[PDB]
Each structure stands twice: as structure tokens, then as C-alpha cells.
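Source file: upload.cif; contents: mmCIF, C-alpha atoms.
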```
data_protein
loop_
_atom_site.group_PDB
_atom_site.id
_atom_site.type_symbol
_atom_site.label_atom_id
_atom_site.label_comp_id
_atom_site.auth_asym_id
_atom_site.auth_seq_id
_atom_site.Cartn_x
_atom_site.Cartn_y
_atom_site.Cartn_z
ATOM 1 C CA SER A 2 107.995 121.623 108.006
ATOM 2 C CA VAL A 3 110.249 118.855 106.763
ATOM 3 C CA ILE A 4 108.658 119.187 103.320
ATOM 4 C CA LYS A 5 110.662 121.858 101.448
ATOM 5 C CA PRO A 6 109.108 123.842 98.550
ATOM 6 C CA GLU A 7 111.538 121.928 96.294
ATOM 7 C CA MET A 8 112.365 118.217 96.739
ATOM 8 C CA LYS A 9 114.501 115.654 94.901
ATOM 9 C CA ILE A 10 113.165 112.187 94.058
ATOM 10 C CA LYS A 11 115.045 108.924 93.794
ATOM 11 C CA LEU A 12 113.398 105.646 92.897
ATOM 12 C CA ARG A 13 114.003 102.047 91.861
ATOM 13 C CA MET A 14 111.254 99.841 90.383
ATOM 14 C CA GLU A 15 111.613 96.060 90.416
ATOM 15 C CA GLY A 16 109.054 93.770 88.844
ATOM 16 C CA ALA A 17 107.593 91.774 85.983
ATOM 17 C CA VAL A 18 104.768 91.889 83.426
ATOM 18 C CA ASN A 19 103.688 88.640 81.723
ATOM 19 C CA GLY A 20 106.817 86.908 83.076
ATOM 20 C CA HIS A 21 109.113 89.613 81.659
ATOM 21 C CA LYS A 22 111.467 90.591 84.523
ATOM 22 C CA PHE A 23 112.731 94.204 84.666
ATOM 23 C CA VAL A 24 114.339 96.871 86.823
ATOM 24 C CA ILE A 25 114.017 100.617 86.383
ATOM 25 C CA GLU A 26 115.457 103.505 88.340
ATOM 26 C CA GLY A 27 115.056 107.242 88.203
ATOM 27 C CA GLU A 28 115.571 110.682 89.665
ATOM 28 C CA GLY A 29 113.699 113.925 89.422
ATOM 29 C CA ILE A 30 112.604 117.019 91.244
ATOM 30 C CA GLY A 31 109.245 118.563 92.076
ATOM 31 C CA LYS A 32 107.375 121.224 94.014
ATOM 32 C CA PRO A 33 105.262 119.480 96.639
ATOM 33 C CA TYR A 34 103.072 122.483 97.398
ATOM 34 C CA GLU A 35 102.531 123.050 93.690
ATOM 35 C CA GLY A 36 101.624 119.487 92.853
ATOM 36 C CA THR A 37 104.126 119.109 90.043
ATOM 37 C CA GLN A 38 107.001 116.776 89.393
ATOM 38 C CA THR A 39 109.385 115.565 86.693
ATOM 39 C CA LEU A 40 111.281 112.261 86.588
ATOM 40 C CA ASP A 41 114.068 110.742 84.487
ATOM 41 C CA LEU A 42 113.656 106.978 84.186
ATOM 42 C CA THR A 43 116.151 104.543 82.706
ATOM 43 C CA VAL A 44 115.609 100.844 82.174
ATOM 44 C CA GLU A 45 118.592 99.328 83.985
ATOM 45 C CA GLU A 46 117.584 95.649 83.542
ATOM 46 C CA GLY A 47 115.405 93.707 81.051
ATOM 47 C CA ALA A 48 115.082 96.130 78.098
ATOM 48 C CA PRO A 49 113.623 96.667 75.598
ATOM 49 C CA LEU A 50 110.196 96.472 77.303
ATOM 50 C CA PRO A 51 107.854 94.168 75.302
ATOM 51 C CA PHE A 52 104.751 95.955 76.662
ATOM 52 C CA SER A 53 103.338 99.539 76.546
ATOM 53 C CA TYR A 54 105.263 101.888 78.979
ATOM 54 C CA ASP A 55 102.047 103.675 80.127
ATOM 55 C CA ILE A 56 101.003 100.979 82.524
ATOM 56 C CA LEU A 57 104.094 101.814 84.639
ATOM 57 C CA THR A 58 103.660 105.584 84.930
ATOM 58 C CA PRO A 59 101.052 105.911 87.670
ATOM 59 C CA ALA A 60 103.422 103.680 89.715
ATOM 60 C CA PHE A 61 106.239 106.191 89.305
ATOM 61 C CA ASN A 65 103.709 109.970 95.375
ATOM 62 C CA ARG A 66 100.668 111.937 96.427
ATOM 63 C CA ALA A 67 102.954 114.221 98.501
ATOM 64 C CA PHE A 68 103.337 116.067 95.178
ATOM 65 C CA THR A 69 99.807 117.438 95.091
ATOM 66 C CA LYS A 70 98.419 120.884 95.795
ATOM 67 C CA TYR A 71 96.193 120.795 98.828
ATOM 68 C CA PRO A 72 93.717 123.578 99.619
ATOM 69 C CA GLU A 73 94.093 124.917 103.152
ATOM 70 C CA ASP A 74 90.685 123.521 104.216
ATOM 71 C CA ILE A 75 91.684 119.879 103.538
ATOM 72 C CA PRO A 76 94.127 118.096 105.834
ATOM 73 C CA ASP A 77 97.075 116.866 103.834
ATOM 74 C CA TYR A 78 97.366 113.205 104.770
ATOM 75 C CA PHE A 79 100.555 112.894 102.735
ATOM 76 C CA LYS A 80 102.551 115.858 103.921
ATOM 77 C CA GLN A 81 101.811 115.106 107.582
ATOM 78 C CA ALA A 82 103.141 111.499 107.304
ATOM 79 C CA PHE A 83 106.679 112.974 106.902
ATOM 80 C CA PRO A 84 109.687 112.535 107.786
ATOM 81 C CA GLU A 85 108.686 108.952 108.632
ATOM 82 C CA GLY A 86 106.937 108.407 105.321
ATOM 83 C CA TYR A 87 104.150 106.163 104.105
ATOM 84 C CA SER A 88 103.527 103.272 101.710
ATOM 85 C CA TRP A 89 100.774 102.281 99.284
ATOM 86 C CA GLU A 90 99.271 99.170 97.713
ATOM 87 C CA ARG A 91 97.328 99.229 94.468
ATOM 88 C CA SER A 92 95.272 96.941 92.215
ATOM 89 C CA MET A 93 94.806 97.959 88.573
ATOM 90 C CA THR A 94 92.234 95.846 86.749
ATOM 91 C CA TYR A 95 91.969 96.282 82.983
ATOM 92 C CA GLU A 96 88.851 95.650 80.945
ATOM 93 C CA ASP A 97 90.475 92.860 78.932
ATOM 94 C CA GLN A 98 91.255 91.016 82.187
ATOM 95 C CA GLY A 99 94.849 92.156 82.353
ATOM 96 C CA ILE A 100 95.690 92.794 86.012
ATOM 97 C CA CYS A 101 98.453 94.609 87.846
ATOM 98 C CA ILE A 102 99.161 95.164 91.503
ATOM 99 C CA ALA A 103 101.982 97.309 92.824
ATOM 100 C CA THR A 104 103.320 98.574 96.140
ATOM 101 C CA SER A 105 105.573 101.453 97.103
ATOM 102 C CA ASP A 106 107.463 102.423 100.192
ATOM 103 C CA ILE A 107 108.276 106.089 100.436
ATOM 104 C CA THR A 108 110.902 107.452 102.808
ATOM 105 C CA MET A 109 112.773 110.758 103.072
ATOM 106 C CA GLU A 110 116.329 111.950 103.823
ATOM 107 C CA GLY A 111 117.162 115.672 103.960
ATOM 108 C CA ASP A 112 115.649 117.142 100.813
ATOM 109 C CA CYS A 113 115.089 113.890 98.941
ATOM 110 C CA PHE A 114 112.285 111.337 98.624
ATOM 111 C CA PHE A 115 113.219 107.707 98.037
ATOM 112 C CA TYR A 116 110.771 105.112 96.791
ATOM 113 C CA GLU A 117 111.051 101.346 96.791
ATOM 114 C CA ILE A 118 108.589 100.124 94.102
ATOM 115 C CA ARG A 119 107.345 96.608 93.203
ATOM 116 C CA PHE A 120 105.164 96.124 90.117
ATOM 117 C CA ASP A 121 103.613 92.865 88.873
ATOM 118 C CA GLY A 122 101.144 92.155 86.081
ATOM 119 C CA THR A 123 99.834 89.102 84.300
ATOM 120 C CA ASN A 124 97.208 87.793 81.881
ATOM 121 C CA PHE A 125 97.525 90.553 79.285
ATOM 122 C CA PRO A 126 96.396 89.098 75.915
ATOM 123 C CA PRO A 127 99.349 88.757 73.534
ATOM 124 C CA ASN A 128 97.400 90.763 70.955
ATOM 125 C CA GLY A 129 96.218 93.464 73.335
ATOM 126 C CA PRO A 130 96.934 97.231 73.334
ATOM 127 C CA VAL A 131 99.330 96.629 76.148
ATOM 128 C CA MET A 132 101.524 93.910 74.597
ATOM 129 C CA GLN A 133 101.170 95.465 71.135
ATOM 130 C CA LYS A 134 102.202 98.965 72.361
ATOM 131 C CA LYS A 135 99.152 100.762 70.916
ATOM 132 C CA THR A 136 98.916 103.178 73.879
ATOM 133 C CA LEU A 137 99.055 106.936 73.496
ATOM 134 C CA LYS A 138 98.641 108.234 77.074
ATOM 135 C CA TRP A 139 96.244 108.415 80.032
ATOM 136 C CA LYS A 140 93.104 110.477 79.906
ATOM 137 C CA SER A 141 93.168 113.017 82.753
ATOM 138 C CA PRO A 142 90.703 111.801 85.430
ATOM 139 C CA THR A 143 89.359 112.868 88.829
ATOM 140 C CA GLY A 144 90.119 110.316 91.565
ATOM 141 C CA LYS A 145 88.072 109.982 94.732
ATOM 142 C CA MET A 146 89.812 109.853 98.077
ATOM 143 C CA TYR A 147 87.962 108.827 101.217
ATOM 144 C CA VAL A 148 88.839 107.338 104.582
ATOM 145 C CA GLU A 149 88.109 103.777 105.602
ATOM 146 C CA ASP A 150 89.431 101.408 108.238
ATOM 147 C CA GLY A 151 91.393 104.241 109.800
ATOM 148 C CA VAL A 152 93.320 104.502 106.519
ATOM 149 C CA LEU A 153 93.104 106.481 103.347
ATOM 150 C CA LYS A 154 91.780 104.917 100.115
ATOM 151 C CA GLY A 155 91.617 106.238 96.567
ATOM 152 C CA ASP A 156 89.386 104.928 93.766
ATOM 153 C CA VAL A 157 89.721 106.138 90.173
ATOM 154 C CA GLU A 158 88.415 105.008 86.795
ATOM 155 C CA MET A 159 91.355 105.303 84.426
ATOM 156 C CA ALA A 160 91.384 105.078 80.623
ATOM 157 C CA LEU A 161 94.186 104.691 78.067
ATOM 158 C CA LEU A 162 93.773 106.293 74.627
ATOM 159 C CA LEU A 163 94.484 103.790 71.886
ATOM 160 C CA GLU A 164 95.932 104.314 68.438
ATOM 161 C CA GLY A 165 92.973 104.767 66.126
ATOM 162 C CA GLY A 166 90.861 106.527 68.739
ATOM 163 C CA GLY A 167 89.781 103.826 71.200
ATOM 164 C CA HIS A 168 89.590 103.929 75.014
ATOM 165 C CA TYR A 169 91.151 101.095 77.064
ATOM 166 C CA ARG A 170 89.690 101.210 80.650
ATOM 167 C CA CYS A 171 91.247 100.251 83.991
ATOM 168 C CA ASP A 172 89.946 100.468 87.597
ATOM 169 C CA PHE A 173 92.466 101.732 90.144
ATOM 170 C CA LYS A 174 92.137 101.112 93.874
ATOM 171 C CA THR A 175 94.918 102.146 96.238
ATOM 172 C CA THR A 176 95.302 101.970 100.000
ATOM 173 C CA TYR A 177 97.602 104.559 101.552
ATOM 174 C CA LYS A 178 99.220 103.944 104.891
ATOM 175 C CA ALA A 179 100.978 106.593 106.942
ATOM 176 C CA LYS A 180 103.694 105.280 109.270
ATOM 177 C CA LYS A 181 102.561 107.504 112.130
ATOM 178 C CA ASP A 182 99.298 109.007 113.316
ATOM 179 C CA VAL A 183 98.027 112.085 111.442
ATOM 180 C CA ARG A 184 94.864 114.165 110.869
ATOM 181 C CA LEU A 185 92.574 112.104 108.650
ATOM 182 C CA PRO A 186 90.840 114.312 106.028
ATOM 183 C CA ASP A 187 87.321 114.499 104.714
ATOM 184 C CA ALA A 188 86.358 112.633 101.566
ATOM 185 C CA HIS A 189 87.619 114.716 98.615
ATOM 186 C CA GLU A 190 88.702 114.512 94.933
ATOM 187 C CA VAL A 191 92.064 114.674 93.163
ATOM 188 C CA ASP A 192 92.566 115.956 89.589
ATOM 189 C CA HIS A 193 95.502 114.433 87.723
ATOM 190 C CA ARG A 194 97.536 115.006 84.622
ATOM 191 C CA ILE A 195 100.239 112.510 83.789
ATOM 192 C CA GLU A 196 102.347 112.860 80.646
ATOM 193 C CA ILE A 197 105.565 111.556 79.085
ATOM 194 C CA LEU A 198 107.403 114.651 77.803
ATOM 195 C CA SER A 199 110.207 112.762 76.009
ATOM 196 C CA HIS A 200 111.544 109.245 75.458
ATOM 197 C CA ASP A 201 113.950 107.356 73.255
ATOM 198 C CA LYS A 202 112.844 104.727 70.719
ATOM 199 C CA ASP A 203 112.341 101.763 73.077
ATOM 200 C CA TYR A 204 111.549 103.810 76.209
ATOM 201 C CA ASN A 205 114.899 102.997 77.845
ATOM 202 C CA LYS A 206 114.962 106.672 78.763
ATOM 203 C CA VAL A 207 111.818 108.565 79.603
ATOM 204 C CA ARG A 208 110.883 111.927 81.029
ATOM 205 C CA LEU A 209 107.736 111.835 83.033
ATOM 206 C CA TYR A 210 105.615 114.688 84.356
ATOM 207 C CA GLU A 211 102.541 114.903 86.630
ATOM 208 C CA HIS A 212 100.359 117.767 87.814
ATOM 209 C CA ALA A 213 97.888 117.063 90.579
ATOM 210 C CA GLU A 214 95.613 119.204 92.703
ATOM 211 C CA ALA A 215 93.158 118.201 95.459
ATOM 212 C CA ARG A 216 89.670 119.716 95.714
ATOM 213 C CA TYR A 217 86.281 119.220 97.364
#
```

Step by step, read the file and then write its structure as C-alpha cells.
Amino acid sequence: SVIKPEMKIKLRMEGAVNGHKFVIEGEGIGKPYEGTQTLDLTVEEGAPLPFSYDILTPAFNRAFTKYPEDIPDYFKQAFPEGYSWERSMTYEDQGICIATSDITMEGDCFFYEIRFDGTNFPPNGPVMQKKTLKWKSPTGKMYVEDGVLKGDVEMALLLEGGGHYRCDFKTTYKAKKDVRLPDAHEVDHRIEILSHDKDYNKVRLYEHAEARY
């Protein structure tokens, strides 16, 4: 198949949060059949970032997931053409974010085109006040609807002091060609920042994801 056991990743994120315009880029490498990946992100425009870097991470490719044989892999089939996704991320304190991504491929490398926008985050919130530690590891629910794939997942950010800052995720995935739609299933995730400089102008991101019934 066009999906090699080892693939390179190249991305560019353009967007804004509470009016703050920014541009990020990155490169990495992962094992699609393993469901693991690592990325090196650098803020090319608009640093330092006035808001918590964690909100951006789930925006930085379900092709990097480990799919059991008995579940059609919607993501791997969509290639070499590729697919795109749209997502709404509503936070409990009314902060909202919506993002899109267009994923293509060339040889042994993925290329994403990402747009990320957010607004109405309270100035004294855990987001604007950078009190975020990381994302709890959740189980997201995939299911088909309207001939397309949808994923719903209740996310939560761990706050300094011990609190939990909740956010509802809802994504719509769209293959660019017809493929074998799967049965409703779950996806276990683990997203983590392994290293970063002071103001997060350089970050090393890692994710481990496996699908299951």
C-alpha cells in the first residue's frame, strides 16, 4: 500500500486565538501501523504565544493509529488522495475553537494545511493564564453518519493546583475518494509534549493512538 511502515510529516498551522495572529510549522516522523508519531514545532510568526500551548496540540492525523484487522481503516484507505477534517472544540468556560486540516501525501511524506481559530477565552482563564499541564488520556467514539465519519470525545485539561478544565470535541472526517466505511468503534489516545523551550517557540510533540471495539 502507499502507506509505508515509516512516514515523514510536514505541516504549517495558520490562525488566531483571541485576535492574536500566529503561524507555526513543523516536521516529524511516525509509524502509521503502530499509531505513534513525533513532531517538531516552531513558532515562525507571532511569538511568544499569550495563551496555553495545549489547545493547539490535538490540531497537530488519524492515519497514525493502530487499527485491528477486524475494523476497516477509514484513514489508511483514503490514501494517496488524502482526506480533510473539520472540528469544533467547546470549552466549559465558553471559550470556543474550530479548526480544519487538509492532509495530502507525496512519496513517503504527509503534508497538512491547518487553520485554527478561537475566541471568547476569559482573560483570566486557564487558557490565557497558561495554567495548563496536559490532556487527560481519553477514549473517543467514532461512528458513521451522513456517509461520512464523525468522532466525538470529551476532553479535559489538567490545571495547575489539580483542577480539570473540560472541552467537547466533535470532528467530521472526509475522505477524498470512496472507501469502506467502518463500524462504530472507539479510539484510545495519549498526547504529550516531551520537550519545549521557555515560551514554547520550540516543542516536541508525541501521540500514541490505538483503535478498538

Box centre and edge lengths (Å, one decimal), axis-aligned, range 146-159 of chain A plus 6 Å each side, as lines of an AutoDock Vina configuration file:
```
center_x = 90.6
center_y = 105.6
center_z = 97.1
size_x = 17.4
size_y = 20.4
size_z = 37.4
```

Would you write out, as JSON lines, a table of all residues in range 48-77 of chain A that have an atom no more than 10 Å from an atom of range 82-92 of chain A, listing for each the closest atom pair and the distance in Å to one decimal, considering all atoms listed in the file and ordering rows by chain and rising residue number?
```
{"residue": "A:60", "atom": "CA", "partner": "A:91", "partner_atom": "CA", "distance": 8.9}
{"residue": "A:65", "atom": "CA", "partner": "A:89", "partner_atom": "CA", "distance": 9.1}
{"residue": "A:67", "atom": "CA", "partner": "A:82", "partner_atom": "CA", "distance": 9.2}
{"residue": "A:77", "atom": "CA", "partner": "A:82", "partner_atom": "CA", "distance": 8.8}
```

Pull the neighbourhood of (115.5, 112.8, 94.0) for me: all residues within 8 Å in file coordinates, counting all atoms listed in the file, as an MDAnalysis selection string.
-> chainID A and resid 8:12 28:30 113:115

Could you state the separation of CA of residue 18 in chain A and CA of residue 191 in chain A in Å, given to one decimal place?
->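 Atom-to-atom, CA of residue 18 in chain A and CA of residue 191 in chain A are spaced 27.8 Å apart.
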
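Here the PyMOL selection byres ((chain A and resi 146-149) around 9) matches the residues residues 144, 145, 150, 151, 152, 153, 154, 155, 156, 157, 185, 186, 187, 188, 189, 190 and 191 of chain A.
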
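Against this structure, the PyMOL selection byres ((chain A and resi 99) around 12) ends up with residues 18, 19, 56, 92, 93, 94, 95, 96, 97, 98, 100, 101, 102, 121, 122, 123, 124, 125, 126, 127, 128, 129, 130, 131, 132, 169, 170, 171 and 172 of chain A.
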
Could you give me, as a CSV table (one decimal) with C-alpha atoms, in the frame of the given file, the residues within 12 Å of range 199-206 of chain A, counting all atoms listed in the file and dropping anything in the same chain fewer than 3 positions from it?
```
chain,number,residue,atom,x,y,z
A,23,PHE,CA,112.7,94.2,84.7
A,24,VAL,CA,114.3,96.9,86.8
A,25,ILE,CA,114.0,100.6,86.4
A,26,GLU,CA,115.5,103.5,88.3
A,27,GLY,CA,115.1,107.2,88.2
A,28,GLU,CA,115.6,110.7,89.7
A,39,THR,CA,109.4,115.6,86.7
A,40,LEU,CA,111.3,112.3,86.6
A,41,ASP,CA,114.1,110.7,84.5
A,42,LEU,CA,113.7,107.0,84.2
A,43,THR,CA,116.2,104.5,82.7
A,44,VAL,CA,115.6,100.8,82.2
A,45,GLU,CA,118.6,99.3,84.0
A,46,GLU,CA,117.6,95.6,83.5
A,47,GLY,CA,115.4,93.7,81.1
A,48,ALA,CA,115.1,96.1,78.1
A,49,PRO,CA,113.6,96.7,75.6
A,50,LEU,CA,110.2,96.5,77.3
A,51,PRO,CA,107.9,94.2,75.3
A,52,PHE,CA,104.8,96.0,76.7
A,53,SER,CA,103.3,99.5,76.5
A,54,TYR,CA,105.3,101.9,79.0
A,55,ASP,CA,102.0,103.7,80.1
A,57,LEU,CA,104.1,101.8,84.6
A,58,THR,CA,103.7,105.6,84.9
A,134,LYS,CA,102.2,99.0,72.4
A,196,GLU,CA,102.3,112.9,80.6
A,209,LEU,CA,107.7,111.8,83.0
A,210,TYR,CA,105.6,114.7,84.4
```

Pick out the closest residue to residue 178 in chain A from this set: A:135, A:21, A:66, A:208. Count all atoms listed in the file.
-> A:66

Within 10 Å of residue 165 in chain A, counting all atoms listed in the file, which residues qualify if same-chain residues fewer than 3 places away don't, as a list in words?
-> residues 135, 136, 137, 162 and 168 of chain A

When you get a chance, write out N, CA and C atoms for range 122-135 of chain A, as a short mmCIF file (atom, residue, chain, number, x, y, z; two decimals), in the coordinates of the input.
```cif
data_model
loop_
_atom_site.label_atom_id
_atom_site.label_comp_id
_atom_site.auth_asym_id
_atom_site.auth_seq_id
_atom_site.Cartn_x
_atom_site.Cartn_y
_atom_site.Cartn_z
N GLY A 122 102.33 92.23 86.92
CA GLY A 122 101.14 92.16 86.08
C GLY A 122 101.12 90.84 85.34
N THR A 123 99.94 90.36 85.00
CA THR A 123 99.83 89.10 84.30
C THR A 123 98.55 89.08 83.49
N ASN A 124 98.40 88.02 82.69
CA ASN A 124 97.21 87.79 81.88
C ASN A 124 96.78 88.88 80.90
N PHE A 125 97.78 89.56 80.32
CA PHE A 125 97.52 90.55 79.28
C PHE A 125 97.51 89.76 77.98
N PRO A 126 96.42 89.86 77.17
CA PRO A 126 96.40 89.10 75.92
C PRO A 126 97.59 89.44 75.05
N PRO A 127 98.19 88.44 74.37
CA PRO A 127 99.35 88.76 73.53
C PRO A 127 99.03 89.76 72.43
N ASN A 128 97.77 89.83 72.01
CA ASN A 128 97.40 90.76 70.96
C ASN A 128 96.59 91.94 71.47
N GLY A 129 96.91 92.35 72.70
CA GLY A 129 96.22 93.46 73.33
C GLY A 129 96.94 94.78 73.16
N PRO A 130 96.30 95.92 73.51
CA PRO A 130 96.93 97.23 73.33
C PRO A 130 98.13 97.38 74.22
N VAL A 131 98.19 96.57 75.26
CA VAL A 131 99.33 96.63 76.15
C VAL A 131 100.55 95.93 75.56
N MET A 132 100.40 94.67 75.13
CA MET A 132 101.52 93.91 74.60
C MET A 132 101.93 94.37 73.21
N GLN A 133 100.96 94.95 72.49
CA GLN A 133 101.17 95.46 71.14
C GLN A 133 101.47 96.97 71.11
N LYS A 134 101.88 97.53 72.24
CA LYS A 134 102.20 98.96 72.36
C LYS A 134 101.35 100.00 71.61
N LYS A 135 100.04 99.82 71.58
CA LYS A 135 99.15 100.76 70.92
C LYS A 135 98.65 101.84 71.88
#
```
